[PDB]
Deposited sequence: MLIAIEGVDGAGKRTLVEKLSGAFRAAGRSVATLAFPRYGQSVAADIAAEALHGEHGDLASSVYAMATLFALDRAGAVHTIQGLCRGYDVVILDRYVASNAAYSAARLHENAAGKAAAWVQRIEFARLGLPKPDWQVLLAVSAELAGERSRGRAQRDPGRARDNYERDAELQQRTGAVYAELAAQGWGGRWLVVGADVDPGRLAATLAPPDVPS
């Protein structure tokens, strides 16, 4: 059971992951989680994160270069993911391939029918052979609320993606299209106040 949690920055995905982990365990299922990008576990991921903070010259200016780095981070995680799928009943991922499709498309002002989303699919699933997720869960949230989380959980720093209010808005919209068309597999759209117990009963 591979489950990917998706959503814009500040959507509160960690929380959902935690609450979902609990509900699955209470139901007698073993759970392991993994978050992408794998900061500290991938140079590709670390360089990508630093680039979003203005480092590494013109790296972040290229939409496909950034998508590639995130895709290569996941590629070096293929074994880790498979290992978790064998060691646990449910594997929960905080962000996965659809993050790349949603953000790359939004950065290019494209929708789900654009080249970037199709490119992401070919590269990650068909070429890098990343495991297709059984369920992709979109945590839909208020754009204002999500944006405030970023401004708050920081000024208490936001990278180039987090500061781009319009990018976040378009990402949420592409996410909705992906979910609607079952991009990459079966999706489930949930809200913040979603019930963990039923969510887990629904997914499994």
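Counting from residue 1 of the deposited sequence, the stretches lacking C-alpha coordinates in this chain are 157-160, 209-214.
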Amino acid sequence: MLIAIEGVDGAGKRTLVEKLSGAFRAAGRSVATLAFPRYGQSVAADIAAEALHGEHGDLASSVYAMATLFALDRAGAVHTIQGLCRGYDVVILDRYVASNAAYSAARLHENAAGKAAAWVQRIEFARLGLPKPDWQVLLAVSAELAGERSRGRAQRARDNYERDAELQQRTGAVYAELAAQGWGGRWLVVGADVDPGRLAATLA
From here on, numbers count along this sequence of modelled residues.
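Whichever C-alpha set is largest while still superposing within 1.5 Å between the two forms counts as the rigid core.
Comparing 81-89 with 94-102 in 9 other deposited structures of this protein, after superposition on the rigid core, the stretch with the greater RMS C-alpha deviation is 81-89.
Larger root-mean-square CA separation from the shown form, computed after a rigid core fit of the structures in 9 other deposited structures of this protein, is seen for 5-13 when 5-13 is set against 182-190.
Compared with other PDB entries of the same protein, residue 157 is missing from at least a third of those that resolve the residues around it. Checked against the record, the higher mean CA B factor of 23-31 and 46-54 lies with 23-31.
For the pair 14-22 and 179-187, the mean Cα B-factor is higher in 14-22. You'll see in the entry that, of 68, 150, 61, 142, the Cα B factor peaks at 150.
Among 170, 156, 163, 38, the highest C-alpha B-factor in the deposited entry belongs to 156. When the modelled residues of the chain are ordered by their C-alpha B factor, residue 89 lands in the highest third.
Remark: residue 106 belongs to the lowest third of its chain, ranked by C-alpha B-factor as recorded.
Sort the chain's modelled residues by C-alpha temperature factor and residue 100 lands in the lowest third, per the entry.
In this PDB entry, residue 8 carries a Cα temperature factor that places it within the lowest third of its chain's modelled residues.
Sort the chain's modelled residues by C-alpha temperature factor and residue 112 lands in the lowest third, per the entry.
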